[PDB]
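Visitor: The structure file protein_6.txt (compact mmCIF, C-alpha atoms and all ligand atoms) is provided below.
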# COMPACT_ATOMS: atom_id res chain seq x y z
CA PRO B 1 49.12 155.83 106.94
CA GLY B 2 46.49 154.24 104.70
CA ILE B 3 45.89 151.11 102.66
CA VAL B 4 46.90 151.40 99.01
CA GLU B 5 43.92 150.41 96.86
CA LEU B 6 44.60 147.92 94.07
CA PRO B 7 42.20 146.59 91.41
CA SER B 8 41.28 142.92 91.35
CA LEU B 9 42.69 140.38 88.92
CA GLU B 10 39.47 140.41 86.89
CA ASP B 11 39.95 144.15 86.36
CA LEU B 12 43.32 143.34 84.75
CA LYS B 13 42.22 140.57 82.37
CA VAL B 14 42.32 141.59 78.73
CA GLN B 15 43.26 139.63 75.63
CA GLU B 16 46.97 140.26 75.19
CA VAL B 17 48.73 141.16 71.97
CA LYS B 18 50.88 138.03 72.07
CA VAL B 19 53.19 138.84 69.17
CA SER B 20 56.92 139.42 69.11
CA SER B 21 58.76 142.73 69.10
CA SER B 22 59.74 142.39 65.45
CA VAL B 23 56.07 141.78 64.63
CA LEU B 24 55.14 144.95 66.52
CA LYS B 25 58.01 146.85 64.92
CA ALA B 26 57.06 145.71 61.41
CA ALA B 27 53.50 147.06 61.61
CA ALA B 28 54.38 149.97 63.91
CA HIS B 29 53.95 152.79 61.38
CA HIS B 30 50.54 151.56 60.23
CA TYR B 31 49.71 150.92 63.90
CA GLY B 32 50.48 154.52 64.83
CA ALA B 33 48.52 155.62 61.77
CA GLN B 34 45.37 153.55 62.30
CA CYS B 35 45.26 153.17 66.10
CA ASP B 36 45.81 156.87 66.82
CA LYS B 37 42.74 157.86 68.82
CA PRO B 38 42.54 155.20 71.61
CA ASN B 39 46.33 155.22 72.06
CA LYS B 40 46.38 158.99 72.46
CA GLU B 41 43.34 158.98 74.78
CA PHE B 42 45.24 156.47 76.90
CA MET B 43 48.51 158.40 76.93
CA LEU B 44 46.68 161.63 77.68
CA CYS B 45 44.90 159.91 80.59
CA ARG B 46 48.25 158.43 81.62
CA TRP B 47 50.19 161.71 81.73
CA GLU B 48 47.25 163.54 83.30
CA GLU B 49 46.05 161.13 86.00
CA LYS B 50 49.67 160.12 86.86
CA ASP B 51 48.15 156.86 88.11
CA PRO B 52 47.80 153.61 86.13
CA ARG B 53 44.84 152.45 88.23
CA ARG B 54 42.85 155.32 86.72
CA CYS B 55 44.07 154.30 83.25
CA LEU B 56 42.94 150.69 82.97
CA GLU B 57 39.87 151.02 80.74
CA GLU B 58 41.55 153.31 78.20
CA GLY B 59 44.42 150.82 78.24
CA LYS B 60 41.91 148.06 77.51
CA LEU B 61 40.76 150.14 74.54
CA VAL B 62 44.40 150.13 73.40
CA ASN B 63 44.40 146.36 73.74
CA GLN B 64 41.01 146.33 72.05
CA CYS B 65 42.21 148.37 69.09
CA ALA B 66 45.60 146.71 68.65
CA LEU B 67 44.09 143.23 68.25
CA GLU B 68 41.57 144.54 65.72
CA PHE B 69 44.58 146.10 64.00
CA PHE B 70 46.23 142.70 63.67
CA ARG B 71 43.08 140.75 62.78
CA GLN B 72 42.58 143.21 59.93
CA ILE B 73 46.12 142.35 58.85
CA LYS B 74 45.53 138.62 59.31
CA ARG B 75 42.33 138.58 57.25
CA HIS B 76 43.90 140.38 54.28
CA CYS B 77 47.71 140.52 54.08
CA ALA B 78 49.06 137.73 56.29
CA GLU B 79 51.73 136.51 53.85
CA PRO B 80 53.48 139.83 52.90
CA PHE B 81 53.38 140.90 56.54
CA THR B 82 54.89 137.56 57.57
CA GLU B 83 57.60 137.83 54.92
CA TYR B 84 58.26 141.35 56.22
CA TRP B 85 58.49 140.75 59.97
CA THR B 86 60.64 137.67 59.35
CA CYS B 87 63.20 139.91 57.63
CA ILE B 88 62.88 142.47 60.43
CA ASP B 89 63.28 139.58 62.87
CA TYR B 90 66.57 138.37 61.36
CA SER B 91 68.48 141.54 62.24
CA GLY B 92 70.06 141.89 65.67
CA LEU B 93 69.32 145.62 65.77
CA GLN B 94 66.07 145.05 63.80
CA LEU B 95 66.94 147.37 60.94
CA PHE B 96 64.18 148.85 58.85
CA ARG B 97 66.85 149.63 56.25
CA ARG B 98 67.73 145.99 55.54
CA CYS B 99 64.11 145.16 54.69
CA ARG B 100 62.88 147.70 52.15
CA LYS B 101 61.47 145.37 49.48
CA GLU B 102 59.46 143.36 52.01
CA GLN B 103 58.28 146.70 53.41
CA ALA B 104 57.28 147.67 49.88
CA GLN B 105 55.30 144.45 49.40
CA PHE B 106 53.55 144.89 52.75
CA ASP B 107 52.81 148.58 52.10
CA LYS B 108 51.54 147.80 48.58
CA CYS B 109 49.19 145.07 49.79
CA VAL B 110 48.00 147.21 52.72
CA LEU B 111 47.31 150.27 50.53
CA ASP B 112 45.50 148.06 48.01
CA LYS B 113 43.39 145.95 50.35
CA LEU B 114 42.94 148.40 53.26
CA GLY B 115 43.68 151.86 51.85
CA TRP B 116 46.18 152.68 54.59
CA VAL B 117 48.89 155.25 53.88
CA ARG B 118 52.11 154.75 55.83
CA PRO B 119 53.12 157.79 57.91
CA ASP B 120 55.95 159.91 56.58
CA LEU B 121 59.16 161.04 58.24
CA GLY B 122 58.05 163.33 61.07
CA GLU B 123 54.39 162.48 61.49
CA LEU B 124 54.16 160.00 64.38
CA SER B 125 56.34 162.30 66.51
CA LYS B 126 53.78 165.13 66.31
CA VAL B 127 52.09 166.55 69.38
CA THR B 128 48.41 166.01 68.60
CA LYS B 129 45.29 167.10 70.46
CA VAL B 130 42.86 164.68 72.08
CA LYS B 131 39.14 165.29 72.62
CA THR B 132 38.01 163.29 75.66
CA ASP B 133 35.03 163.61 77.98
CA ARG B 134 36.80 162.77 81.25
CA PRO B 135 37.39 165.77 83.54
CA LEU B 136 40.68 167.48 84.26
CA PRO B 137 42.29 166.32 87.54
CA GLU B 138 42.18 169.27 89.93
CA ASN B 139 44.92 167.79 92.15
CA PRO B 140 46.86 165.03 90.38
CA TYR B 141 49.62 165.08 93.01
CA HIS B 142 47.14 164.81 95.94
CA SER B 143 48.94 167.78 97.46
CA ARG B 144 47.72 169.17 100.75
CA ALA B 145 47.32 172.87 101.54
CA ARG B 146 50.50 174.88 101.13
CA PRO B 147 51.73 176.83 104.18
CA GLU B 148 50.81 180.48 104.25
CA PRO B 149 53.67 182.82 103.28
CA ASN B 150 55.28 185.22 105.70
CA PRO B 151 53.89 188.78 105.79
CA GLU B 152 55.65 191.07 103.34
CA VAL B 153 57.07 194.49 104.20
CA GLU B 154 54.78 197.50 103.95
CA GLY B 155 54.80 201.00 105.33
CA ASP B 156 57.07 203.93 104.58
CA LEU B 157 60.58 203.68 105.98
CA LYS B 158 61.07 205.93 109.04
CA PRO B 159 64.43 206.81 110.62
CA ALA B 160 65.75 204.81 113.53
CA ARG B 161 64.31 206.01 116.84
CA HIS B 162 67.30 207.73 118.49
CA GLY B 163 69.83 205.98 116.29
CA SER B 164 71.67 202.74 116.92
CA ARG B 165 70.67 202.58 120.62
CA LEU B 166 74.05 200.94 121.24
CA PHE B 167 75.05 201.75 124.85
CA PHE B 168 75.82 205.47 124.47
CA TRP B 169 76.08 206.16 120.75
CA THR B 170 73.35 208.74 120.22
CA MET B 171 73.31 208.27 116.44
CA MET P 1 111.18 133.58 46.28
CA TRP P 2 108.66 136.03 47.70
CA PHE P 3 105.81 133.48 47.56
CA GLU P 4 107.55 131.47 50.31
CA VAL P 5 106.13 133.88 52.92
CA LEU P 6 102.56 133.07 51.85
CA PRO P 7 102.11 129.73 53.74
CA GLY P 8 102.80 131.46 57.06
CA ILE P 9 100.57 134.39 56.10
CA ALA P 10 97.82 131.96 55.09
CA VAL P 11 98.10 130.05 58.38
CA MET P 12 97.97 133.32 60.34
CA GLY P 13 95.00 134.39 58.22
CA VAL P 14 93.10 131.20 59.04
CA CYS P 15 93.91 131.82 62.72
CA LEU P 16 92.42 135.30 62.37
CA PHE P 17 89.42 133.97 60.41
CA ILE P 18 88.46 131.40 63.07
CA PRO P 19 87.17 133.74 65.88
CA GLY P 20 84.87 135.76 63.61
CA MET P 21 83.34 132.84 61.71
CA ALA P 22 83.14 131.00 65.04
CA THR P 23 81.19 133.72 66.82
CA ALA P 24 78.95 134.15 63.76
CA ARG P 25 78.02 130.45 63.67
CA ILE P 26 77.58 130.32 67.45
CA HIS P 27 75.34 133.40 67.48
CA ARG P 28 73.26 131.89 64.68
CA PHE P 29 73.08 128.58 66.56
CA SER P 30 72.09 129.95 69.97
CA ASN P 31 69.48 132.43 68.72
CA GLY P 32 67.16 130.43 66.48
CA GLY P 33 69.03 130.68 63.20
CA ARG P 34 69.40 134.46 63.43
CA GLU P 35 71.58 137.26 64.75
CA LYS P 36 72.01 137.81 68.46
CA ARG P 37 69.76 140.57 69.72
CA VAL P 38 71.72 143.73 70.45
CA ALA P 39 70.45 145.39 73.63
CA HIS P 40 72.55 148.49 74.21
CA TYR P 41 69.54 150.51 75.31
CA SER P 42 66.79 149.81 77.82
CA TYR P 43 64.02 149.91 75.20
CA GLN P 44 65.81 147.10 73.34
CA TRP P 45 66.06 145.15 76.60
CA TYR P 46 62.38 145.74 77.33
CA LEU P 47 61.35 144.45 73.90
CA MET P 48 63.69 141.48 74.28
CA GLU P 49 62.29 140.50 77.68
CA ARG P 50 58.78 140.97 76.30
CA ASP P 51 59.74 138.57 73.49
CA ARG P 52 60.98 136.11 76.12
CA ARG P 53 57.61 136.38 77.87
CA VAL P 54 55.38 136.16 74.77
CA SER P 55 57.27 133.19 73.32
CA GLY P 56 56.03 130.99 76.15
CA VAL P 57 59.16 128.81 76.08
CA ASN P 58 61.44 131.24 78.01
CA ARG P 59 63.46 132.20 74.92
CA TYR P 60 63.54 135.69 73.42
CA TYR P 61 64.31 134.37 69.96
CA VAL P 62 61.23 132.16 69.52
CA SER P 63 59.13 134.55 67.45
CA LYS P 64 55.33 134.65 67.50
CA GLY P 65 53.43 136.32 64.68
CA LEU P 66 49.83 136.62 63.48
CA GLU P 67 49.17 132.93 64.15
CA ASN P 68 49.45 133.57 67.90
CA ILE P 69 46.51 135.98 67.94
CA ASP P 70 43.01 134.84 67.01
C1 LIG O 201 73.22 224.33 108.30
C2 LIG O 201 74.14 223.19 107.88
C3 LIG O 201 75.57 223.37 108.36
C4 LIG O 201 75.71 223.45 109.87
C5 LIG O 201 77.15 223.47 110.36
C6 LIG O 201 77.26 223.41 111.88
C7 LIG O 201 78.62 222.98 112.39
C8 LIG O 201 79.75 223.95 112.10
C9 LIG O 201 81.10 223.47 112.62
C10 LIG O 201 81.69 222.31 111.83
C11 LIG O 201 82.45 221.29 112.67
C12 LIG O 201 81.56 220.28 113.38
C13 LIG O 201 82.30 219.31 114.27
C14 LIG O 201 81.52 218.04 114.56
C15 LIG O 201 80.24 218.26 115.34
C16 LIG O 201 80.46 218.32 116.84
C17 LIG O 201 81.12 217.06 117.38
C18 LIG O 201 81.18 217.03 118.87
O1 LIG O 201 81.59 217.92 119.55
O2 LIG O 201 80.69 215.88 119.37
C19 LIG O 201 80.43 215.85 120.79
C20 LIG O 201 80.62 214.49 121.40
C21 LIG O 201 79.49 214.15 122.33
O3 LIG O 201 78.95 215.36 122.89
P1 LIG O 201 77.40 215.76 122.91
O4 LIG O 201 77.16 216.83 123.89
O5 LIG O 201 76.62 214.46 123.15
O6 LIG O 201 77.03 216.27 121.41
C22 LIG O 201 77.19 217.67 121.09
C23 LIG O 201 76.94 217.89 119.61
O7 LIG O 201 75.53 217.96 119.38
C24 LIG O 201 77.56 216.83 118.73
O8 LIG O 201 76.54 216.23 117.91
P2 LIG O 201 75.80 214.85 118.36
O9 LIG O 201 75.02 215.05 119.60
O10 LIG O 201 74.94 214.47 117.16
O11 LIG O 201 76.92 213.68 118.55
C25 LIG O 201 76.78 212.41 117.89
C26 LIG O 201 77.63 211.37 118.57
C27 LIG O 201 77.97 211.80 119.97
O12 LIG O 201 78.78 210.82 120.65
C28 LIG O 201 78.15 209.92 121.40
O13 LIG O 201 76.95 209.82 121.44
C29 LIG O 201 79.10 209.10 122.21
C30 LIG O 201 80.10 208.28 121.40
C31 LIG O 201 81.40 209.02 121.13
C32 LIG O 201 82.57 208.11 120.85
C33 LIG O 201 83.17 207.53 122.11
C34 LIG O 201 84.37 206.66 121.87
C35 LIG O 201 85.17 206.38 123.12
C36 LIG O 201 86.37 205.48 122.89
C37 LIG O 201 87.39 206.04 121.94
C38 LIG O 201 88.18 207.21 122.47
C39 LIG O 201 89.29 207.64 121.52
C40 LIG O 201 90.38 208.46 122.19
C41 LIG O 201 90.00 209.90 122.47
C42 LIG O 201 90.52 210.87 121.43
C43 LIG O 201 92.02 210.84 121.26
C44 LIG O 201 92.51 211.62 120.08
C45 LIG O 201 91.94 211.09 118.79
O14 LIG O 201 78.86 211.20 117.80
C46 LIG O 201 79.40 209.97 117.75
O15 LIG O 201 78.98 209.03 118.37
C47 LIG O 201 80.59 209.93 116.83
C48 LIG O 201 81.92 209.80 117.54
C49 LIG O 201 82.45 211.13 118.05
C50 LIG O 201 82.86 212.08 116.94
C51 LIG O 201 82.97 213.53 117.37
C52 LIG O 201 83.48 214.45 116.28
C53 LIG O 201 84.97 214.33 116.03
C54 LIG O 201 85.51 215.27 114.97
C55 LIG O 201 86.94 215.69 115.22
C56 LIG O 201 87.84 214.53 115.56
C57 LIG O 201 89.02 214.90 116.43
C58 LIG O 201 89.07 214.07 117.70
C59 LIG O 201 87.77 214.12 118.48
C60 LIG O 201 87.67 213.13 119.63
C61 LIG O 201 87.70 211.68 119.20
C62 LIG O 201 87.03 210.74 120.18
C63 LIG O 201 85.53 210.86 120.17
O16 LIG O 201 81.85 214.57 122.20
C64 LIG O 201 82.57 213.45 122.37
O17 LIG O 201 82.19 212.36 122.05
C65 LIG O 201 83.90 213.76 122.98
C66 LIG O 201 84.98 214.10 121.96
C67 LIG O 201 85.02 215.57 121.55
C68 LIG O 201 84.12 215.95 120.40
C69 LIG O 201 84.84 216.31 119.12
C70 LIG O 201 84.85 217.79 118.82
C71 LIG O 201 85.06 218.12 117.34
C72 LIG O 201 85.99 219.29 117.11
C73 LIG O 201 87.36 219.07 117.72
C74 LIG O 201 88.32 220.22 117.51
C75 LIG O 201 89.65 220.06 118.20
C76 LIG O 201 90.60 219.09 117.53
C77 LIG O 201 91.98 219.03 118.18
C78 LIG O 201 92.99 218.19 117.43
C79 LIG O 201 92.59 216.73 117.30
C80 LIG O 201 92.55 215.95 118.60
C81 LIG O 201 93.91 215.58 119.12
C1 LIG O 202 94.63 127.17 62.04
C2 LIG O 202 95.71 126.44 61.30
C3 LIG O 202 96.87 126.03 62.19
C4 LIG O 202 97.94 125.22 61.48
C5 LIG O 202 99.11 124.85 62.38
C6 LIG O 202 100.06 123.83 61.80
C7 LIG O 202 100.84 124.28 60.57
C8 LIG O 202 101.81 123.22 60.08
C9 LIG O 202 101.12 121.91 59.72
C10 LIG O 202 102.04 120.73 59.45
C11 LIG O 202 102.95 120.90 58.24
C12 LIG O 202 103.73 119.64 57.89
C13 LIG O 202 104.62 119.14 59.01
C14 LIG O 202 105.55 118.00 58.64
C15 LIG O 202 106.65 117.76 59.65
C16 LIG O 202 107.68 116.73 59.22
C17 LIG O 202 107.06 115.36 58.98
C18 LIG O 202 108.07 114.27 58.79
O1 LIG O 202 108.17 113.59 57.80
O2 LIG O 202 108.85 114.13 59.86
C19 LIG O 202 109.82 113.06 59.82
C20 LIG O 202 110.17 112.63 61.22
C21 LIG O 202 111.10 111.46 61.22
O3 LIG O 202 110.60 110.48 60.28
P1 LIG O 202 111.30 109.05 60.18
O4 LIG O 202 110.24 108.03 60.06
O5 LIG O 202 112.25 108.97 61.31
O6 LIG O 202 112.14 109.12 58.83
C22 LIG O 202 112.96 108.04 58.33
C23 LIG O 202 112.46 107.73 56.95
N1 LIG O 202 113.07 106.48 56.43
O7 LIG O 202 108.93 112.20 61.86
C24 LIG O 202 108.48 112.93 62.89
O8 LIG O 202 109.04 113.91 63.30
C25 LIG O 202 107.21 112.36 63.44
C26 LIG O 202 105.97 112.97 62.81
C27 LIG O 202 105.79 114.43 63.18
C28 LIG O 202 104.64 115.11 62.44
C29 LIG O 202 104.41 116.54 62.88
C30 LIG O 202 103.42 117.29 62.00
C31 LIG O 202 103.20 118.72 62.43
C32 LIG O 202 102.54 118.87 63.79
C33 LIG O 202 102.21 120.30 64.15
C34 LIG O 202 101.15 120.44 65.23
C35 LIG O 202 99.87 121.11 64.74
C36 LIG O 202 99.14 120.33 63.65
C37 LIG O 202 97.90 121.02 63.10
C38 LIG O 202 96.82 121.30 64.13
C39 LIG O 202 95.53 121.83 63.53
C40 LIG O 202 94.84 120.87 62.58
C41 LIG O 202 94.39 119.60 63.26
What is this file in structure tokens?
Ligand SMILES: CCCCCCCCCCCCCCCCCC(=O)OC[C@H](COP(=O)([O-])OC[C@H](O)COP(=O)([O-])OC[C@H](COC(=O)CCCCCCCCCCCCCCCCC)OC(=O)CCCCCCCCCCCCCCCCC)OC(=O)CCCCCCCCCCCCCCCCC
Ligand SMILES: CCCCCCCCCCCCCCCCCC(=O)OC[C@H](COP(=O)(O)OCCN)OC(=O)CCCCCCCCCCCCCCCCC
Guide:
Amino acid sequence: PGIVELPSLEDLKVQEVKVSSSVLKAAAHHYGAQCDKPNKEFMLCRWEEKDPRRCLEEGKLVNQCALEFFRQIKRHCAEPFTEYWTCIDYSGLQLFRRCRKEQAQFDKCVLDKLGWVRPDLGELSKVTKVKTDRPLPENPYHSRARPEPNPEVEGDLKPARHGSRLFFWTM
Amino acid sequence: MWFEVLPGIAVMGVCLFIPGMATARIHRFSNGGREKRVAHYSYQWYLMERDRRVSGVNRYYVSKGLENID
């Protein structure tokens, strides 16, 4: 067949969000609140193109907007966030429910210094709409032309010409 | 009298207390002073292997926070 095209290693260099999973899980509700638009443009491009090579730049925007999400935490509320993700980080299942007062301190300092409202129960699971400028893929599966169907039956049904025509049976 | 059965019950209770306290102290020792990560589900395993990558020292439990980003 053909050669599969791959992007170069410079096309894959972006500054990584090099924080732990409890750090990501601690700020995840405010992350889904504040980093909505580039994340949803990326996941729309990712379910529509069905190809990650066509989804690099939007992904870079994700990694552009996540870092600016954490810098904006690090400039303002580094200590209550640190006290919060440490308590998230203790738990083996990483329970939100074991960590409600540290969550309250982090949410208080974030609403005071950044004005961010934490999403409620049922908001980040909504199907939202995304206004992009990229065109709709007319053939995301790269499917070739389908075979033409067999001709259907038409014409009025006539009797059998002289019956069964089986050796001597005249009907 | 009836308190003569209590030394054997206390010895058997220490023998039942040893495995739980043992596995609690060992899980705190081997995991950076914290609980062992429970990975029943593949998302938990993905986050745990991503922690092992982002720690830089090949350990999932070495946590990196805001100080790791600029
Ligand atoms: C206005 C609206 C109202 C109008 C009303 C008008 C009518 C009023 C009268 C009402 C009664 C109508 C009767 C039926 C129509 C005429 C049937 C007919 O003569 O067919 C000729 C038919 C072929 O002749 P034709 O010149 O081509 O057609 C003239 C007509 O246009 C025949 O028409 P066709 O050209 O369209 O023929 C079609 C085609 C013509 O046939 C073919 O193209 C060839 C294929 C035939 C089958 C061959 C099978 C061979 C191997 C098996 C042999 C079995 C053993 C032999 C019998 C042992 C005893 C059971 O038929 C078949 O293929 C069907 C199979 C044959 C059925 C015949 C009727 C049987 C009814 C009585 C059953 C009693 C036993 C009869 C004999 C059984 C064996 C056939 O003759 C035969 O096949 C030979 C058998 C004799 C005919 C049966 C006569 C019926 C009356 C019998 C009275 C006596 C009974 C005595 C006691 C019982 C016996 C022990
Ligand atoms: C998780 C908890 C598990 C706990 C398990 C154990 C429960 C029981 C603990 C021990 C209880 C006390 C046992 C005392 C036994 C009798 C001691 C004694 O005095 O024996 C005397 C005998 C002969 O003495 P002799 O010198 O000949 O006397 C002449 C004196 N003019 O001298 C002898 O027979 C020699 C000395 C024998 C001493 C044996 C002591 C018991 C050994 C049991 C094995 C397990 C020990 C504990 C293990 C876990 C902790 C490290």
Visitor: Can you work out the spacing between atom CA of residue 112 of chain B and atom CA of residue 79 of chain B in Å, to one decimal?
Guide: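 Between atom CA of residue 112 of chain B and atom CA of residue 79 of chain B the gap is 14.4 Å.
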Visitor: Which chain B residues are at most 8 Å from chain P (counting only C-alpha atoms), as a PyMOL selection string?
Guide: chain B and resi 17-21+23+67+70-71+74+78+82+89-93
Visitor: Could I get the residues of chain B with an atom no further than 8 Å from an atom of ligand LIG 201 (chain O), each paired with its nearest atom pair and that distance in Å to one decimal, using only C-alpha atoms and all ligand atoms, sorted by chain and residue number, as JSON lines?
Guide:
{"residue": "B:168", "atom": "CA", "partner": "O:LIG201", "partner_atom": "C29", "distance": 5.4}
{"residue": "B:169", "atom": "CA", "partner": "O:LIG201", "partner_atom": "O13", "distance": 3.8}
{"residue": "B:170", "atom": "CA", "partner": "O:LIG201", "partner_atom": "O13", "distance": 4.0}
{"residue": "B:171", "atom": "CA", "partner": "O:LIG201", "partner_atom": "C25", "distance": 5.6}
Visitor: When distances are computed from all atoms listed in the file, which of P:13, P:26, P:6, P:1 shows the smallest separation from ligand LIG 202 (chain O)?
Guide: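 When distances to ligand LIG 202 (chain O) are compared using all atoms listed in the file, the smallest one comes from P:13.
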Visitor: Could you state the separation of atom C22 of ligand LIG 202 (chain O) and atom CA of residue 5 of chain P in Å, given to one decimal place?
Guide: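 Distance between the two atoms: 27.3 Å.
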Visitor: Distance limit 9 Å, reference ligand LIG 202 (chain O), atoms considered: all atoms listed in the file. Which residues make the cut? Give them as a PyMOL selection string.
Guide: chain P and resi 7-8+10-18
Visitor: By how many Å are atom CA of residue 114 of chain B and atom CA of residue 29 of chain B apart?
Guide: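 Calculated distance between atom CA of residue 114 of chain B and atom CA of residue 29 of chain B is 14.4 Å.
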Visitor: Identify, on the basis of all atoms listed in the file, every residue whose closest approach to segment 45-60 of chain B does not exceed 7 Å; exclude the query and any residue fewer than 5 positions from it along the same chain; express the result as a ChimeraX atom specification.
Guide: /B:14,38,137,140
Visitor: What lies within 9 Å of residue 25 of chain B using all atoms listed in the file, ignoring chain neighbours under 5 positions off, as a ChimeraX atom specification?
Guide: /B:20,85,88,94,96
Visitor: Would you export the selected residues with C-alpha atoms as a short mmCIF file (atom, residue, chain, number, x, y, z; two decimals), in the coordinates of the input, please?
Guide:
data_model
loop_
_atom_site.label_atom_id
_atom_site.label_comp_id
_atom_site.auth_asym_id
_atom_site.auth_seq_id
_atom_site.Cartn_x
_atom_site.Cartn_y
_atom_site.Cartn_z
CA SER B 20 56.92 139.42 69.11
CA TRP B 85 58.49 140.75 59.97
CA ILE B 88 62.88 142.47 60.43
CA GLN B 94 66.07 145.05 63.80
CA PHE B 96 64.18 148.85 58.85
#
Visitor: How big is the axis-aligned box, and where does its centre sit, when it encloses all atoms of segment 71-77 of chain B listed in the file and has 6 Å added on every side, reported in Å to one decimal as lines of an AutoDock Vina configuration file?
Guide:
center_x = 45.0
center_y = 140.9
center_z = 58.4
size_x = 17.4
size_y = 16.6
size_z = 20.7
Visitor: Tell me which protein, DNA and RNA residues are within 12 Å of residue 80 of chain B, counting only C-alpha atoms, leaving out same-chain ones fewer than 6 positions away, and put them as a list in words.
Guide: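 Near neighbours after the sequence-gap exclusion: residues 26, 27, 73, 74, 86, 87, 101, 102, 103, 104, 105, 106, 107, 108, 109 and 110 of chain B; 66 of chain P.
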